[PDB]
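Just one chain is shown here, as structure tokens, and it is the form solved without the ligand.
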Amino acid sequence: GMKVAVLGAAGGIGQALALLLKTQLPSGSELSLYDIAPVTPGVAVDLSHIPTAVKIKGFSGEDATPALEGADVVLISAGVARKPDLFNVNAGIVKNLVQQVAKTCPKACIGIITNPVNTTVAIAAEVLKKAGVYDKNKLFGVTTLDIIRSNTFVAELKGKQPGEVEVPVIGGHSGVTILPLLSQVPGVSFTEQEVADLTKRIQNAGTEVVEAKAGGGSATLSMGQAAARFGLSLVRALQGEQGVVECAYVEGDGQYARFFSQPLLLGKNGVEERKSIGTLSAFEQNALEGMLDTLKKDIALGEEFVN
């Protein structure tokens, strides 16, 4: 059966992700949880009492190898969560875990959730290259939280059903690199003021969470849901479902930057097709040009950490 490993499973994001995967992965799947914290085997035992046909086991300590054996998908959510310096703490965590993936399940698809995604995916790529196992079609920066936020905010503004709205989001995963393509939402039109306001809201949405928590936490549950949506889409594609499309941050043709988020057709090899970003409005063209320097610097930060 299809095996998914979650590295970082003891944190708030990882536990939410693990709950959603235990309850939504296809029958016959396997789920392995890993984190440093010794609670992790018991997080898995907790989830193992839920009557779905998903086998689940958990592991703790310094070695992620037993969770990674036979993994088809590896989701990495370890490290410090973003609360809108992060590179300073998470860079080594990502490098250590991707080194273990490269040794144990180098053919797995790898979803990097750990932030800053724009940089940590570049770290992962250079680690995999140094190990001689890098497959650009199998390494993803998980940007899905930007998409599900965009869907929610567009649906609310325009009175649509939220589950029926799908906004393409391109670029990167932080600040001005997040570009929602509002001009492409079918059946919906936006004034230029609505576009500027919605784009700013999407680019700063995590601050709504932090402020409403009075500084006491981050957006853990919606990040778990976004990561679960991405992981479940990847599993559906790896099992042969057709037409599975997700935006994610991947190494592409390099037209805008070495790594860039765009709509992807997924398949049994990971990325099946990098789809065109399409026709952009004047606002979107300016936003795209405006964040290229930032995105390239984010990428170089990760490349230079390894090399």
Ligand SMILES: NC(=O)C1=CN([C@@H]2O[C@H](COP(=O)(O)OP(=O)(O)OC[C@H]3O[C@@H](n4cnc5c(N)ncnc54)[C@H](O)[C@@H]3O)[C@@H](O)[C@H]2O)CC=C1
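Numbers follow the displayed sequence, beginning with 1.
The same protein has a further form, the form deposited with the ligand bound, not shown here; the description that follows concerns it.
Three or more atoms of the ligand lie within 2.4 Å of backbone or C-beta atoms here once its pose in the bound PDB entry is superimposed on the site C-alphas of this chain, so the site counts as blocked. Partner contact region in the bound PDB entry: 106-114, out of 230-238, 106-114, 132-140, 187-195, criterion any non-hydrogen atom within 4.5 Å of the ligand.
For the residues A125, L145, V101, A71, the 4.5 Å heavy atom test against the ligand in the bound PDB entry is passed only by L145.
Although the partner is absent here, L295 sits far enough away that none of its heavy atoms falls within 4.5 Å of the ligand in the bound PDB entry. Of the heavy atoms in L157, none are within 4.5 Å of the ligand in the bound PDB entry. Proximity of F259 to the ligand in the bound PDB entry falls outside the 4.5 Å heavy atom cutoff. In the bound PDB entry, none of the heavy atoms of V176 sits within 4.5 Å of a heavy atom of the ligand. Contacts between 211-237 and the ligand, taken as any heavy atom within 4.5 Å in the bound PDB entry, involve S218, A219, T220, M223.
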